[PDB]
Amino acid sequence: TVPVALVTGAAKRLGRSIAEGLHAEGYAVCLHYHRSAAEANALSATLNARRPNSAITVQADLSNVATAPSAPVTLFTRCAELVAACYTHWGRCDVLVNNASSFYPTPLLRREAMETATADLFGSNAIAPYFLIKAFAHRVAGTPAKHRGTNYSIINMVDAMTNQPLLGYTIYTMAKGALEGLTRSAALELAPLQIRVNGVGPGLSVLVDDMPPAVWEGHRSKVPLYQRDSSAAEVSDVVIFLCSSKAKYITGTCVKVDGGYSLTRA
């Protein structure tokens, strides 16, 4: 009676906090990672030490490109394999959290760089979530009704601030917009299977501080509530609540966790 959660980009920061929060609620967790192998395996060791066989790790580039094997492996296949990993190891997959995401500039103003940025930003933020949801849904539909879990839930990590675009981040902002569209469309189409699909949108959380202290403090001070970025738990606790049975009438909605930052203007 142990539910299973698949969390993408689970090695650190918010994803790790989400994986820890779901684990604390009793979930067995599949921790996906791309380049953070060491951090992911350390997290798994910790959770497995607290509760045997309660965590595994799986690696996958969620960029929208074909990888090397036979023939080239497509993104859809790599996504189907992540979900399959949960069924193979534990025989179920109740929760999917699309958290993995690349984030960097793609200025409109002044080849392989543009080609890869597009595939990477859109892949991790939108296309992989789409294939992952599709595979997740196919698994549930293919499960005899009597054997289906009673609390399926998909959480897409969106962004509370994309409607007030960050200058120079167009592809990323576009991908997050696509991800909001996926949240609504999948919520409507998967409703018959009682699979809920919602979004959680952070404002500033564990803000990257690779800049002069005054600039990092200036940025944080703009959040109306508390004048700081949020901790990882302040975001993950909301993800955990939406996956809980008490949130079962909630679907197709995006919940901002931004301390009022989207309420500000220049």
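The first residue of the sequence shown is number 1, and the count goes up from there.
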For the neighbouring pair residue 52 and residue 53, the stretch of deposited sequence with no coordinates amounts to none
What lies unmodelled of the deposited sequence between residue 110 and residue 111 amounts to 10 or more
Once average C-alpha B-factors are taken from the entry for 72-80 and 123-131, the winner is 72-80
With B-factors read from the PDB entry, the higher C-alpha mean of 236-244 and 35-43 is in 35-43
Per the deposited B-factor column, the C-alpha that peaks among 92, 196, 176, 184 belongs to 92
Reading the B-factor column for Cα atoms of 101, 170, 164, 143, the highest value belongs to 143
Residue 263: CA temperature factor from the record, placed by chain third, in the lowest
On the chain's distribution of Cα B-factors, residue 115 falls within the third called highest
Entry-reported C-alpha B-factor of residue 22 relative to its chain, by third, is middle
For residue 57, the third of its chain by CA B-factor is the highest
Chain thirds by Cα B factor, record data; residue 65 belongs to the highest
